[PDB]
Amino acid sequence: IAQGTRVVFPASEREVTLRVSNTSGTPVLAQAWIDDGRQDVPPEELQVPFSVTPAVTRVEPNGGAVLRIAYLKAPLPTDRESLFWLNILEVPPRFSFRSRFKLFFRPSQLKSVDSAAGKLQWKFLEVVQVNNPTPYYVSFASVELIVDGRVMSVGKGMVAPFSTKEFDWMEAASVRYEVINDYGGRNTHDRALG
């Protein structure tokens, strides 16, 4: 269901499409909606500047539907990505299953996402910290401390533009981390700890 692991929404566009596949042998209804990180309130009341058409869709057995995401020109930061969430709920019966994808609104002048993961700087607090001095979210599939080949896994996550993230778990450590690109692929980086 969806391929698709994230949506990049470039400021120059009025809309972007997305495929959702029904891999099973029965029709399912797919409901789609966007929120701004709050999942605990009726979506309409958040007035996020995105709509998803159609909001509810039948998806054929071994088939796929196309969802359409449209931006309503609204004041969002101009110097950094904004983060929204696409939800897809399968009401497939009938119980039902719910998916949640990152949506990155990306201002036009931001052309260097591919360089971002490599400008992160790292340091110990005990407990380690990454500083993201860039305009882009950086999503980690894995972060690891390494000492003479010994791997100590500290978790995955995401660091927001112009922010710091802390990872918790000595010594001559290096950090190795993998990040998810715009297309769901992964790239890796090693760095020393400050």
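Residues carry their position along the shown sequence, with the first being 1.
Where residue 126 is followed by residue 127 in the displayed chain, the model omits 4 to 9 of the deposited residues that sit between the two. The stretch of deposited sequence separating residue 169 from residue 170 contains 4 to 9 residues lacking coordinates in this entry. When the C-alpha B-factors of 72-80 and 102-110 are averaged, 72-80 comes out higher. When 51-59 is weighed against 133-141, 51-59 comes out higher, by mean CA B-factor as recorded in the entry. Of the residues listed, 37, 157, 161, 27, the entry assigns the biggest Cα temperature factor to 27. Within the selection 176, 14, 186, 19, the deposited Cα B-factor values reach their highest point at 14.
Residue 146 sits in the middle third of its chain by CA B factor, as recorded in the PDB entry. Annotation for residue 85: CA B-factor lies in the lowest third of the chain's modelled residues.
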